[PDB]
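# Experimental structure below, sequence on top.
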Amino acid sequence: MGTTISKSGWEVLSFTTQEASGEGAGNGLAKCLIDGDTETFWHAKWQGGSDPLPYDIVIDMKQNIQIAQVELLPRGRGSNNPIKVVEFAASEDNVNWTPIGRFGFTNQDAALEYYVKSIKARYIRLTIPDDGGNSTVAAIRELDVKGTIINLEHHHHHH
């Protein structure tokens, strides 16, 4: 809300891993990452076994937004989080992904502000690479995006 894009209408198009069993039920879901609540978080599958890295989570923002900065809200508090490096990708057509920034992940209780490549994107992908040293254990509260809302809707020319 405000400069941060309202994740109210955001949905997950594809996810590589999510723990809907180890975290009970209603928690550890990939959509919780974009649900926008500090008490909910996404967790990689651990109960019964993890999935093959890397982990790619693709979110549809349902609108074209000029990406400027991505925010990652980790847990930290009572969490290990063996996440070393995180990679952010964005796309205008869902087909052509462009890495808006690759940075290291700092496990903390406060949000991580990632200033990235300024580019238009309707879709955004969170990539957890197997290259950065990342283990198959990941727990992130939420992901947010700061940008400018772009419109493809010209009401006086589209009705």
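Done, it's in. Numbers count the residues shown, from 1 in each chain.
# Every contact and neighbour count from this point should use C-alpha atoms.
Noted.
# these two touch, right, residue 63 and residue 147?
No: if you go by Cα atoms under 8 Å, residue 63 and residue 147 don't touch, sitting 11.5 Å apart.
# neighbour count winner among the two?
residue 147 (20 against 16; other Cα atoms under 10 Å).
# Which helix or strand contains that one?
strand 139-150 (DSSP states H and E).
# do residue 38 as well
Using DSSP H and E, residue 38 is not contained in any helix or strand.
# Now do it against residue 141, distance only.
Distance from residue 38 to residue 141, counting by Cα to Cα, to the nearest Å: 6 Å.
# any shared contact partners between these two?
residue 73 (Cα atoms under 8 Å, 6 or more residues apart in numbering).
# May I have stretch 116-134 as PDB, with CA atoms only?
Output in PDB follows, covering the C-alpha atoms of stretch 116-134 (Å, rounded to 0.1, in the frame of the first residue of the first chain):
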ATOM      1  CA  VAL A 116      17.200  -3.400  -8.700                       C
ATOM      2  CA  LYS A 117      17.100  -2.700 -12.500                       C
ATOM      3  CA  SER A 118      14.300  -0.300 -13.400                       C
ATOM      4  CA  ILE A 119      12.200  -2.200 -15.900                       C
ATOM      5  CA  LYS A 120       8.600  -2.800 -16.800                       C
ATOM      6  CA  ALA A 121       7.100  -6.000 -15.500                       C
ATOM      7  CA  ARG A 122       3.700  -7.600 -15.000                       C
ATOM      8  CA  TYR A 123       5.300 -10.800 -13.800                       C
ATOM      9  CA  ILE A 124       7.900 -11.200 -11.200                       C
ATOM     10  CA  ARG A 125       9.900 -14.300 -10.300                       C
ATOM     11  CA  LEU A 126      11.800 -15.100  -7.100                       C
ATOM     12  CA  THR A 127      14.600 -17.500  -7.800                       C
ATOM     13  CA  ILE A 128      16.400 -19.400  -5.100                       C
ATOM     14  CA  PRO A 129      19.500 -20.700  -6.900                       C
ATOM     15  CA  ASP A 130      21.500 -23.800  -6.000                       C
ATOM     16  CA  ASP A 131      24.600 -21.800  -7.000                       C
ATOM     17  CA  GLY A 132      24.800 -19.400  -4.200                       C
ATOM     18  CA  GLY A 133      25.300 -22.100  -1.600                       C
ATOM     19  CA  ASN A 134      21.600 -22.200  -0.800                       C
END
